[PDB]
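Last residue of the sequence shown: number 315 in the authors' numbering, and the count goes up by one each step with no gaps.
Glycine included, C-beta positions come from ideal geometry on N, C-alpha and C.
I have placed the structure first, in the form of structure tokens, so that the comments after it can refer back to it.
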Amino acid sequence: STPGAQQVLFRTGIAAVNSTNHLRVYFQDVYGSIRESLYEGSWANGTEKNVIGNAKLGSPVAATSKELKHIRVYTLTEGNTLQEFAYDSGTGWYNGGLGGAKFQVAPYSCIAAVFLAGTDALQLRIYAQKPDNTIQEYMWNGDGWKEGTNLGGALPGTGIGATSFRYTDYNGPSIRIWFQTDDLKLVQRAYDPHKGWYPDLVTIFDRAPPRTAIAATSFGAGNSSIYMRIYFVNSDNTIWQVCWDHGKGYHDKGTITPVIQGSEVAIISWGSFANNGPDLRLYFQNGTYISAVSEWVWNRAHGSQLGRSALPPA
């Protein structure tokens with residue numbers, strides 16, 4: 002190991018945001034502070050210096066962005082209420098309003114968040130697990146944080162994957178959420194503009210480890226067409242990938258790369274098959290320098306392989 006790697010929490014929360022190829026990765030250090038590492042052609046940051054707040058140790062870590070002009074990052078306080086670190090261009094890091102709502106959630110609750118797609122309006126949707134084990138949606142629509150739809154019961158401490166996209170033929174954003182149920186299945190819930198939240202749950206994986214990490218993206222939205230990728234950590238100590246391709250549906254899944262037992266996961270994407278892509282970047286812990294975060298890479302030219310071994314500060 003190194004001193005840098007040694008600062009990264011074992012089984013830390015990982016989130017990432019991007020504006021095409023420019024990337025930020027979010028994690029928790031061993032002291033409870035949330036840090037940002039940074040790629041604009043070269044890796045950098047992650048240090049004591051690049052801290053954007055504190056959260057309880059073992060806290061989930063979720064993040065979503067509007068390019069890199071708006072970033073929002075979500076963790077749990079020491080009182081297990083949801084909080085938010087915000088970044089706008091020209092303003093920097095600050096404390097978002099979410100913490101002032103004091104939304105109590107299960108202390109084992111996970112988080113996901115998305116900016117709603119195909120608008121310039123800053124509209125946000127955070128997903129978390131209340132103490133009764135239901136998945137609650139929290140909305141920001143410019144008029145304050147307020148509770149939204151409850152999507153139901155899941156496994157206590159289930160992973161929560163989220164993504165949004167806009168069908169170019171339709172009038173508003175779609176949202177797709179993925180979590181784990183009591184029976185250990187992994188399931189999807191779906192929201193479409195024309196129809197709100199559909200009532201049915203779709204199964205995507207039959208049995209996964211209890212509380213396995215779940216992380217999701219989508220890209221290449223067209224007319225009534227989309228592509229999605231879901232990732233989780235399966236019983237064999239690896240990330241597996243579930244594919245939704247337009248025209249194929251849920252047509253494929255398998256293993257991608259090894260991870261440490263219980264490792265967390267984050268995924269970002271950009272581009273499309275239609276325009277010399279897509280690009281996919283995965284972040285996890287696989288034991289590099291013991292505790293360092295590692296990267297896995299997809300692009301159309303170079304294909305699929307491990308990217309940066311040991312993210313900063315390692």
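The continuous beta strand (DSSP E) containing residue 149 extends over residues 146-154. Between residue 260 and residue 285, the beta carbon gap of about 5 angstroms places them in contact (Cβ cut-off 8 angstroms). Under the three-state reduction of DSSP output, residue 186 falls in the coil class, being neither helix nor strand. The C-beta distance from residue 181 to residue 213 rounds to 7 angstroms, short enough to fall under 8 angstroms.
Membership of residue 130 in the beta strand (DSSP E) is indicated by the continuous run 125-130. By alpha-carbon distance to residue 199, the top candidate from 177, 220, 184, 210 is 177. The distance from the Cβ of residue 161 to that of residue 112 is about 7 angstroms, consistent with a contact at the 8 angstroms cut-off. Taking the C-beta atoms as reference points, residue 292 is found nearer than 8 angstroms to residue 11. Short of 8 angstroms from the beta carbon of residue 172, and not among the five residues preceding or following it, lie these beta carbons of its own chain, in chain order: 194, 195.
In the structure shown, residue 235 falls within a strand segment according to DSSP collapsed to helix, strand and coil. Within the same chain, and ignoring the five residues on either side of residue 20 in sequence, the residues whose Cβ sits closer than 6 angstroms to its Cβ are 68, 69.
Residue pairing of residue 177 in beta bridges, as defined by DSSP: 164, 191. With a contact defined as Cβ atoms closer than 8 angstroms, residue 307 and residue 258 qualify at about 7 angstroms.
Listed as beta-bridge partners of residue 82 by DSSP are 105. Between the C-alpha atoms of residue 132 and residue 268 there is a straight-line separation of about 27 angstroms.
Here residue 62 is buried, its C-beta having at least 16 other C-beta atoms within 10 Å. The C-beta distance from residue 64 to residue 114 rounds to 7 angstroms, short enough to meet the 8 angstroms contact threshold. If you look at residue 263, you'll find it isn't in any beta strand (DSSP E); DSSP assigns it neither H nor E. Between the alpha carbons of residue 189 and residue 204 lies a gap of roughly 6 angstroms. 125 is the residue among 6, 184, 125 whose C-alpha sits nearest the C-alpha of residue 174. Cβ-Cβ distances below 8 angstroms link residue 156 to 134, 180, 181, 182, 183, 185, 211, 212 in the same chain, with the five nearest sequence neighbours on each side left out; the list follows chain order.
In the three-state scheme derived from DSSP, where H, G and I count as helix and E and B as strand, residue 6 is classed as helix.
Residue 204 has 188 as its beta-bridge partners, per DSSP.
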